[PDB]
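Structure record follows, encoded as structure tokens.
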Amino acid sequence: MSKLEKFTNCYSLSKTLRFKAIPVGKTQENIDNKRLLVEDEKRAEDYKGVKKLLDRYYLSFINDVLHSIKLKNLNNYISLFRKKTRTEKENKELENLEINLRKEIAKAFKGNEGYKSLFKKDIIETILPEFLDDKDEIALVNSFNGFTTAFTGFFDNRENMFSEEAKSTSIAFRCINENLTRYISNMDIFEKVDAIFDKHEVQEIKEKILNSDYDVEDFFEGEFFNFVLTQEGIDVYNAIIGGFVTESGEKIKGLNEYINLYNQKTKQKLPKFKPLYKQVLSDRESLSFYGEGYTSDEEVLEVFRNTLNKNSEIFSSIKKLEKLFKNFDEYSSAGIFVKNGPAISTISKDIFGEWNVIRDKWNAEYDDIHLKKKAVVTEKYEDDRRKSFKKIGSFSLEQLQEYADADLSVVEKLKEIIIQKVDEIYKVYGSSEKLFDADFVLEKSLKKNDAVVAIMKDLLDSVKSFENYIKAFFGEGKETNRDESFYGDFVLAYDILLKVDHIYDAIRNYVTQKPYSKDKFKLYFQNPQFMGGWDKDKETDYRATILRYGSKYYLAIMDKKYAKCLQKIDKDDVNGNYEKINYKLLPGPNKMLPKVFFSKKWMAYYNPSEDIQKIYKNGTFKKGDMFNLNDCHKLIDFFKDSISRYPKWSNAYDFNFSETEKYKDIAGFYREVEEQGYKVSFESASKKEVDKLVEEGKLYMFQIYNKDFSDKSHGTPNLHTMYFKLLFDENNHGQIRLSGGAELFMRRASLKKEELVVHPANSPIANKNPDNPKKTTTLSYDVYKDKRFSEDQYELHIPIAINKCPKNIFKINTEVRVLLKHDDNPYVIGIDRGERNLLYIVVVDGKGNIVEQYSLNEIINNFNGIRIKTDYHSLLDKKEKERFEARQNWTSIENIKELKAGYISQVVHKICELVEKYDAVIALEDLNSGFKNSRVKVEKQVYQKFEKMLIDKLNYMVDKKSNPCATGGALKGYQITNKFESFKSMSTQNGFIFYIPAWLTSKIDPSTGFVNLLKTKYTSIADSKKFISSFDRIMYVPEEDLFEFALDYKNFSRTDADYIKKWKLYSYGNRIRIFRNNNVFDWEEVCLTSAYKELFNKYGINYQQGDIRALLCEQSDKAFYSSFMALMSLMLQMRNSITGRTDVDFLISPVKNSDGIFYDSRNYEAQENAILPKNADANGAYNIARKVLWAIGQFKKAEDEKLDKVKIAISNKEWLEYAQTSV
RNA sequence: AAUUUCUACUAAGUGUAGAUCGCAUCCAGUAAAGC
DNA sequence: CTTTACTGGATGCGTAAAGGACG
DNA sequence: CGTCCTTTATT
Ligand SMILES: [Li+]
Ligand SMILES: [Li+]
Ligand SMILES: [Li+]
């Protein structure tokens, strides 16, 4: 109640409502007969074409400056960029260059005298008719002579490219903010990593790529940046890091690939280079050579038959390649060699049926020489054999034959395998023989034809495996004796079998591309600015306006021939009438007031004093050093008077302006003009005459519609349906505004009506919810799946503006802090991410007490005593593998983003219900860019989506049950998050949302606050002795069958964070440890007390004998100390989880609380209403909430002027003192 | 298994509950197969 | 390195009346 | 000379 009511009418945001439009009467008939849709359909294809040529001219104009630009003082900026210590005044110096570098580039585009005419009608009527050289491209631009204003929104998309500000679409942004920092950051890495590069390695990149035209060290110089400003230069720059592939097909390595190889052999971490992003609008042709994909279905076939049939050389290559293996014995068994790699364990199996025998046979050879009888199997001898067994490049056929135990002979069993593999290829041809015939004609498009592709995929994979098998027989020699009589034939065939590798590529890239589909196309009705705005004065100009016949709204469109048809209509007293809109709007007071009252047309009529004309030009009314109060007043009084003399403004609106002596800035005056400048009203217009204007075809008319508008619906409306009703409701005092810019699309059907999945009428359908007690619905009418796509649909996109005039103006992050300082029992919601639970909620009160905790793997809703629980976590898993296995098999890739978004809508609702009920703030994890990456297949892309749709919902929060006119309803929705502009603008707090660090959120004891600040990984014998002696005591407690480890953290290093210091550890409980190598489980449950006893017996230790600290240090053997750490590590292994297993994810603590009992999360997961976390996941969210409860505690001390100075970001040291004092 | 549209439904009969910012442009990211 | 897919973040607009060109 | 398309103006 109390907190939420304050946040209404806070800021201005826009949304868009969408509606199926349905033609009224003869409207569609006259539309078809006048071919209006086909002209817009043909236009929307031509409009994408004219835009392509327009990009051609922009890119040319773009590169005229970027080729010849040289940046002033680029070096001087770069030095400041890599400064190790910048001061806050020195900090300000770097910006002004960076601001001027964008200014230097941005003005260089504008500096051309042809800049301004790139975004006016001249570019289509004049400039592009000159630049273009095609006779057809010249004609597609003439057809658009009428329509240049239809490009206005496209010209806006192009002036952003020439912006000077830090805007993501600006070219100046790309070159300086993005390319430079990446280039300069690479500049620092090269100096650090110059060491590893061989002089030939430097030259090989120079030889292959740079052509010795410049050296590699040249690029990382400051003054060579001007090369990479263009896309053409970047491709060369990105090549140094990435490399490229020549025409000759050699994979040249790049500096980033070399850094990895050094790091993989020496196990160090040197950073890799960042490639540079492309430049705006570049038509970038890649440098690496590739064979172009097939244009059409017919090509793919004609390649597939000709290249793969029996006659084709590729099959002939198999037909000869087998002959060599059948003739294998004839050639020297020392002249043929099997290459060495990891793929040779498979080879050992294909002969004698076992993988590791070829490895194990050779390991007996390397051992006997290099195994002196003392060792027998030291780690070095076992490990060194791994070094030798991959260094070997190949194996002689005779060297393999020696390994095998008789009778088996490699060459005879090699002759066995290959006949089998050529036959399996022969078998796929048997199934696929129909594809090859000259006659055969395809039933369905290749992408719609899963049956024909699986046939191609089967023949291609059967040919791919035989080749991929044979490739290992090359041996990369480089070999002393090669039975070159054999290999010469072998190379002749295999190089021709290598031709499939391009075909497997190109075909995969054709078959797997999404099928052709017809996008919806905007309707214009022969007007470039059709339906731009709703103002009644413009109704003739735009030619579309809204009508109302009770509970149904229509969209009327007046044909070009009859622009003023609806204006001559008057009320009919007796017969039926429509309600016709009388929309009136005054957009942009700051722009519209000077435009009209300083215009040439009215500059004479209003004679503004000589003072005025200088006041506006000198900008004395604007706030700043220029601002004068009385000067601004003179503009306000001038604008006030001239509006009163203005007829179409004064009459249309009812204007109340507070005394000019009361305004503090010109913004205050424009705001009232903006606020009082909008009026929506209706008039009466005869139904019989309007309907006559439809049948005549002078007026087209569609009904605005969604399913809530049906006369068969008795259910709660869609949230957007409410907004639409409110726009014209008389109780909407400007909260929601009908804005201009609507569009009307035509989406032709994409499915056939008869073919759809139909549940036949009067035949019982089965219900899928196992809780629904009615398992059958017998309907008297058909249910077509996706019926909305089986017929042509009209689309109407109506933008609205919510709170265009914000009354309540204050800082939201501050007002949240003010009310948390004064809430006696404030509530906090805790939301925790995971891979075992997608989202987990924990709700706590002002004292840290748990009221609610449940996982959100499954969404539960009840309606009218009907429960339904949907396992959205299962749906995301099955749909994920329905794309993985779809990607492998070339099949269709299912969409999952809708599913994820559909999941969030149920979650987004549940938090808002929780926020409404408990009046609770929200607590999320502080994640920067890095944490998005995950080791295993990730749904945490759901988490990033969870934020967006949550923040968006809180931006205007509505409950569809509250009365719209009441607070929290449709007209007065809550706004409890700062307006969403970008993810990068965010701070630690966003209104009710707090992004809090996750350190020590999970691996902490909720019962006591205990944490593992110990490092236990094994370093040496000596450190373990210093380890043990630090403890206050190590003892055996026999009456409890536990070991007790009392310690003071102050004796250990890097333990400053903990508050209590004095902790007594225990071996209580069981832990989980992962193996390092059949067996039932890949993990085991170690019993701690039953393992300390174990360890203390192996080295003859009297653990019973009082304190054991001196006793354990007595030992002199490494195996005792290296094993002790594992026992030590498990005691502190608070969180025990196992991958992929439902049962295991529990938190167990080694400390006794105030009542002497350990925290086992399992002793809670059984409870329904637990008072502590049930699992390591809920423990996270619980602490995430408490981290904020600490932040609320900070707010309780400070004073209302200074809450902005309160920092919500917890220090690691304050949090431990709080988790241990709270209990 | 209907939907402005998405998700889950059939919810008592052409639908139910929740959510839904469109349009255009620039850019990037992930997965997969081949090399 | 490439190619295909699907997916998402950051920008602009969400306008009437002046302006001009045109038959 | 009225009509339809193009430009414009910045709290
Ligand atoms: Li509804
Ligand atoms: Li995926
Ligand atoms: Li179904």
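Please note that chains go A, B, ... in the order of the structure tokens, that every chain numbers its residues from 1, and that ligands are numbered from 1 in the order shown.
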Can you pull out every residue with an atom within 10 Å of ligand 2? Use only C-alpha atoms (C1' of nucleotides) and all ligand atoms and format it as a ChimeraX atom specification. /A:876-877,879-884,893-897,937-939,941 /B:30-31 /C:6-7
Kindly export the residues of the current selection with N, CA and C atoms (P, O5', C5', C4', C3', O3' and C1' of nucleotides), as a PDB file, in the first residue's frame.
ATOM      1  N   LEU A 876      11.956 -25.774 -21.858  1.00  0.00           N
ATOM      2  CA  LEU A 876      13.178 -25.163 -22.373  1.00  0.00           C
ATOM      3  C   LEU A 876      14.261 -26.200 -22.644  1.00  0.00           C
ATOM      4  N   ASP A 877      14.295 -27.284 -21.869  1.00  0.00           N
ATOM      5  CA  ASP A 877      15.292 -28.322 -22.106  1.00  0.00           C
ATOM      6  C   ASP A 877      14.983 -29.100 -23.378  1.00  0.00           C
ATOM      7  N   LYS A 879      13.033 -28.217 -25.928  1.00  0.00           N
ATOM      8  CA  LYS A 879      13.123 -27.365 -27.108  1.00  0.00           C
ATOM      9  C   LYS A 879      14.567 -27.017 -27.444  1.00  0.00           C
ATOM     10  N   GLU A 880      15.453 -27.004 -26.448  1.00  0.00           N
ATOM     11  CA  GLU A 880      16.858 -26.748 -26.736  1.00  0.00           C
ATOM     12  C   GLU A 880      17.464 -27.897 -27.534  1.00  0.00           C
ATOM     13  N   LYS A 881      17.194 -29.139 -27.120  1.00  0.00           N
ATOM     14  CA  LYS A 881      17.709 -30.286 -27.857  1.00  0.00           C
ATOM     15  C   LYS A 881      16.958 -30.506 -29.164  1.00  0.00           C
ATOM     16  N   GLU A 882      15.764 -29.926 -29.309  1.00  0.00           N
ATOM     17  CA  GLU A 882      15.059 -29.957 -30.583  1.00  0.00           C
ATOM     18  C   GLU A 882      15.643 -28.985 -31.594  1.00  0.00           C
ATOM     19  N   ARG A 883      16.582 -28.138 -31.175  1.00  0.00           N
ATOM     20  CA  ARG A 883      17.367 -27.291 -32.065  1.00  0.00           C
ATOM     21  C   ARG A 883      18.783 -27.811 -32.258  1.00  0.00           C
ATOM     22  N   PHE A 884      19.385 -28.344 -31.194  1.00  0.00           N
ATOM     23  CA  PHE A 884      20.690 -28.987 -31.298  1.00  0.00           C
ATOM     24  C   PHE A 884      20.657 -30.127 -32.310  1.00  0.00           C
ATOM     25  N   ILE A 893      15.058 -25.661 -37.561  1.00  0.00           N
ATOM     26  CA  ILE A 893      15.498 -25.260 -36.229  1.00  0.00           C
ATOM     27  C   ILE A 893      14.331 -24.553 -35.555  1.00  0.00           C
ATOM     28  N   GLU A 894      13.822 -25.151 -34.482  1.00  0.00           N
ATOM     29  CA  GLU A 894      12.671 -24.600 -33.787  1.00  0.00           C
ATOM     30  C   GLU A 894      13.045 -23.291 -33.093  1.00  0.00           C
ATOM     31  N   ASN A 895      12.077 -22.381 -33.003  1.00  0.00           N
ATOM     32  CA  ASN A 895      12.292 -21.132 -32.283  1.00  0.00           C
ATOM     33  C   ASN A 895      12.107 -21.333 -30.785  1.00  0.00           C
ATOM     34  N   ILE A 896      13.056 -20.816 -30.008  1.00  0.00           N
ATOM     35  CA  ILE A 896      13.003 -20.920 -28.557  1.00  0.00           C
ATOM     36  C   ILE A 896      12.879 -19.565 -27.866  1.00  0.00           C
ATOM     37  N   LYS A 897      13.158 -18.451 -28.553  1.00  0.00           N
ATOM     38  CA  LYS A 897      13.079 -17.138 -27.912  1.00  0.00           C
ATOM     39  C   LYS A 897      11.651 -16.800 -27.489  1.00  0.00           C
ATOM     40  N   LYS A 937      25.849 -25.963 -21.614  1.00  0.00           N
ATOM     41  CA  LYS A 937      24.762 -25.368 -22.387  1.00  0.00           C
ATOM     42  C   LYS A 937      23.849 -24.584 -21.457  1.00  0.00           C
ATOM     43  N   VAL A 938      23.634 -23.317 -21.800  1.00  0.00           N
ATOM     44  CA  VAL A 938      23.201 -22.285 -20.864  1.00  0.00           C
ATOM     45  C   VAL A 938      21.749 -21.935 -21.161  1.00  0.00           C
ATOM     46  N   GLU A 939      20.894 -21.936 -20.139  1.00  0.00           N
ATOM     47  CA  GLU A 939      19.655 -21.187 -20.302  1.00  0.00           C
ATOM     48  C   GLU A 939      19.719 -19.791 -19.705  1.00  0.00           C
ATOM     49  N   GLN A 941      20.703 -17.227 -20.584  1.00  0.00           N
ATOM     50  CA  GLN A 941      20.114 -16.249 -21.485  1.00  0.00           C
ATOM     51  C   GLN A 941      18.687 -15.907 -21.073  1.00  0.00           C
TER      52      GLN A 941
ATOM     53  P     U B  30      29.935 -15.235 -28.967  1.00  0.00           P
ATOM     54  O5'   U B  30      28.753 -16.304 -28.948  1.00  0.00           O
ATOM     55  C5'   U B  30      28.062 -16.596 -27.742  1.00  0.00           C
ATOM     56  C4'   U B  30      26.876 -17.497 -27.974  1.00  0.00           C
ATOM     57  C3'   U B  30      27.164 -18.808 -28.689  1.00  0.00           C
ATOM     58  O3'   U B  30      27.710 -19.801 -27.835  1.00  0.00           O
ATOM     59  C1'   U B  30      25.252 -17.789 -29.642  1.00  0.00           C
ATOM     60  P     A B  31      28.606 -20.996 -28.438  1.00  0.00           P
ATOM     61  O5'   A B  31      27.557 -21.918 -29.203  1.00  0.00           O
ATOM     62  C5'   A B  31      26.549 -22.618 -28.489  1.00  0.00           C
ATOM     63  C4'   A B  31      25.537 -23.231 -29.423  1.00  0.00           C
ATOM     64  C3'   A B  31      26.094 -24.156 -30.492  1.00  0.00           C
ATOM     65  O3'   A B  31      26.360 -25.463 -30.016  1.00  0.00           O
ATOM     66  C1'   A B  31      24.619 -22.624 -31.495  1.00  0.00           C
TER      67        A B  31
ATOM     68  P    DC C   6      15.721 -19.611 -38.639  1.00  0.00           P
ATOM     69  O5'  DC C   6      16.116 -19.213 -37.144  1.00  0.00           O
ATOM     70  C5'  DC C   6      16.171 -20.212 -36.137  1.00  0.00           C
ATOM     71  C4'  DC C   6      16.744 -19.640 -34.858  1.00  0.00           C
ATOM     72  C3'  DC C   6      15.949 -18.476 -34.266  1.00  0.00           C
ATOM     73  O3'  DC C   6      15.759 -18.697 -32.886  1.00  0.00           O
ATOM     74  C1'  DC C   6      18.220 -17.906 -34.418  1.00  0.00           C
ATOM     75  P    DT C   7      15.052 -17.585 -31.972  1.00  0.00           P
ATOM     76  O5'  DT C   7      16.229 -16.549 -31.631  1.00  0.00           O
ATOM     77  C5'  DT C   7      17.352 -16.968 -30.858  1.00  0.00           C
ATOM     78  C4'  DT C   7      18.021 -15.779 -30.186  1.00  0.00           C
ATOM     79  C3'  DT C   7      17.082 -14.627 -29.815  1.00  0.00           C
ATOM     80  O3'  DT C   7      17.392 -14.145 -28.514  1.00  0.00           O
ATOM     81  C1'  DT C   7      18.846 -13.828 -31.179  1.00  0.00           C
TER      82       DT C   7
END
Please give me, as a PDB file with N, CA, C and O atoms (P, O5', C5', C4', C3', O3' and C1' of nucleotides), in the first residue's frame, the residues lying within 10 Å of ligand 3 when counting only C-alpha atoms (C1' of nucleotides) and all ligand atoms.
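Writing done, so here's selection10.pdb:
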ATOM      1  N   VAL A 757      -4.132 -28.696 -38.923  1.00  0.00           N
ATOM      2  CA  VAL A 757      -4.545 -29.656 -37.907  1.00  0.00           C
ATOM      3  C   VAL A 757      -5.911 -29.243 -37.377  1.00  0.00           C
ATOM      4  O   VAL A 757      -6.076 -28.147 -36.829  1.00  0.00           O
ATOM      5  N   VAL A 758      -6.896 -30.124 -37.537  1.00  0.00           N
ATOM      6  CA  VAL A 758      -8.281 -29.844 -37.183  1.00  0.00           C
ATOM      7  C   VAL A 758      -8.729 -30.872 -36.159  1.00  0.00           C
ATOM      8  O   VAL A 758      -8.508 -32.075 -36.342  1.00  0.00           O
ATOM      9  N   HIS A 759      -9.355 -30.396 -35.083  1.00  0.00           N
ATOM     10  CA  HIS A 759     -10.031 -31.279 -34.149  1.00  0.00           C
ATOM     11  C   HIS A 759     -11.500 -31.291 -34.537  1.00  0.00           C
ATOM     12  O   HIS A 759     -12.209 -30.304 -34.287  1.00  0.00           O
ATOM     13  N   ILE A 765     -12.261 -34.178 -27.938  1.00  0.00           N
ATOM     14  CA  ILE A 765     -10.864 -33.780 -27.834  1.00  0.00           C
ATOM     15  C   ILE A 765     -10.410 -34.035 -26.406  1.00  0.00           C
ATOM     16  O   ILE A 765     -11.187 -33.896 -25.454  1.00  0.00           O
ATOM     17  N   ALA A 766      -9.140 -34.396 -26.246  1.00  0.00           N
ATOM     18  CA  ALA A 766      -8.598 -34.739 -24.940  1.00  0.00           C
ATOM     19  C   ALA A 766      -7.860 -33.546 -24.349  1.00  0.00           C
ATOM     20  O   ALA A 766      -7.150 -32.825 -25.058  1.00  0.00           O
ATOM     21  N   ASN A 767      -8.033 -33.344 -23.045  1.00  0.00           N
ATOM     22  CA  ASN A 767      -7.423 -32.222 -22.345  1.00  0.00           C
ATOM     23  C   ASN A 767      -6.096 -32.644 -21.731  1.00  0.00           C
ATOM     24  O   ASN A 767      -5.968 -33.749 -21.198  1.00  0.00           O
ATOM     25  N   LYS A 768      -5.109 -31.749 -21.800  1.00  0.00           N
ATOM     26  CA  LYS A 768      -3.730 -32.106 -21.491  1.00  0.00           C
ATOM     27  C   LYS A 768      -3.344 -31.868 -20.037  1.00  0.00           C
ATOM     28  O   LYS A 768      -2.327 -32.408 -19.587  1.00  0.00           O
ATOM     29  N   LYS A 785      -5.661 -25.331 -35.976  1.00  0.00           N
ATOM     30  CA  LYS A 785      -4.414 -24.802 -35.446  1.00  0.00           C
ATOM     31  C   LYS A 785      -3.833 -23.792 -36.424  1.00  0.00           C
ATOM     32  O   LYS A 785      -3.787 -24.034 -37.632  1.00  0.00           O
TER      33      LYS A 785
ATOM     34  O5'   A B   1      -3.322 -28.519 -31.201  1.00  0.00           O
ATOM     35  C5'   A B   1      -4.077 -27.887 -32.230  1.00  0.00           C
ATOM     36  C4'   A B   1      -4.997 -26.815 -31.696  1.00  0.00           C
ATOM     37  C3'   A B   1      -4.345 -25.763 -30.794  1.00  0.00           C
ATOM     38  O3'   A B   1      -4.996 -24.507 -30.990  1.00  0.00           O
ATOM     39  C1'   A B   1      -6.069 -26.852 -29.613  1.00  0.00           C
TER      40        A B   1
END
Give as an MDAnalysis selection string the residues surrounding ligand 1 up to a distance of 10 Å, considering only C-alpha atoms (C1' of nucleotides) and all ligand atoms. (chainID A and resid 707:708 713:719 721) or (chainID B and resid 3 15:18)
Tell me, which residues of region 72-163 of chain A carry DSSP alpha helix (DSSP H), written as an MDAnalysis selection string? chainID A and resid 74:81 88:110 122 128:131 135:142 152:159
Per residue of chain D within 8 Å of chain A, which atom pair is closest and at what distance in Å (one decimal), using only C-alpha atoms (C1' of nucleotides), listed by chain and increasing number, as CSV?
residue,atom,partner,partner_atom,distance
D:5,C1',A:146,CA,7.2
D:6,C1',A:149,CA,7.0
D:8,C1',A:595,CA,7.8
D:9,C1',A:591,CA,4.2
D:10,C1',A:591,CA,4.7
D:11,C1',A:667,CA,4.2
For residue 15 (chain C), list every protein, DNA or RNA residue within 9 Å, evaluated using only C-alpha atoms (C1' of nucleotides), and leave out those in the same chain fewer than 6 positions away; present the list as a count of residues only. 8
Find the residues of chain A in contact range of chain B, meaning any atom within 7 Å when counting only C-alpha atoms (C1' of nucleotides), and list them as JSON, numbers by chain. {"A": [15, 16, 18, 19, 20, 153, 154, 157, 169, 280, 505, 706, 713, 767, 777, 779, 783, 784, 785, 797, 887, 888, 898, 899, 902, 903, 905, 906]}
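What separates CA of residue 571 (chain A) from CA of residue 683 (chain A) is a distance of 8.2 Å.
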Could you list, as a count of residues only, every residue within 12 Å of residue 42 (chain A), counting only C-alpha atoms (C1' of nucleotides) and ignoring same-chain residues fewer than 5 positions away? 14
Among A:650, A:14, A:1221, A:1020, residue 14 (chain C) is approached most closely, using only C-alpha atoms (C1' of nucleotides), by A:14
Please, which residues in chain C fall within 6 Å of chain A when counting only C-alpha atoms (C1' of nucleotides), and what is the closest atom pair and distance in Å to one decimal for each, ordered by chain then residue number, as JSON lines?
{"residue": "C:1", "atom": "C1'", "partner": "A:244", "partner_atom": "CA", "distance": 6.0}
{"residue": "C:3", "atom": "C1'", "partner": "A:509", "partner_atom": "CA", "distance": 5.5}
{"residue": "C:4", "atom": "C1'", "partner": "A:509", "partner_atom": "CA", "distance": 5.0}
{"residue": "C:10", "atom": "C1'", "partner": "A:168", "partner_atom": "CA", "distance": 5.5}
{"residue": "C:11", "atom": "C1'", "partner": "A:169", "partner_atom": "CA", "distance": 5.9}
{"residue": "C:12", "atom": "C1'", "partner": "A:156", "partner_atom": "CA", "distance": 5.7}
{"residue": "C:14", "atom": "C1'", "partner": "A:741", "partner_atom": "CA", "distance": 4.7}
{"residue": "C:15", "atom": "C1'", "partner": "A:587", "partner_atom": "CA", "distance": 5.9}
Let me see the file: selected residues, C-alpha atoms (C1' of nucleotides), as a short mmCIF file (atom, residue, chain, number, x, y, z; two decimals), in the first residue's frame.
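File selection_21.cif, as written:
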data_model
loop_
_atom_site.label_atom_id
_atom_site.label_comp_id
_atom_site.auth_asym_id
_atom_site.auth_seq_id
_atom_site.Cartn_x
_atom_site.Cartn_y
_atom_site.Cartn_z
"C1'" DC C 1 38.74 -19.24 -41.65
"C1'" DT C 3 28.53 -20.89 -44.26
"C1'" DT C 4 23.76 -21.56 -42.52
"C1'" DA C 10 21.34 0.70 -29.47
"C1'" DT C 11 19.70 4.28 -32.27
"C1'" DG C 12 15.72 7.37 -34.97
"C1'" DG C 14 5.75 7.87 -33.43
"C1'" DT C 15 3.76 15.76 -36.24
#
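Counting from CA of residue 1101 (chain A), the distance to CA of residue 1148 (chain A) is 28.0 Å.
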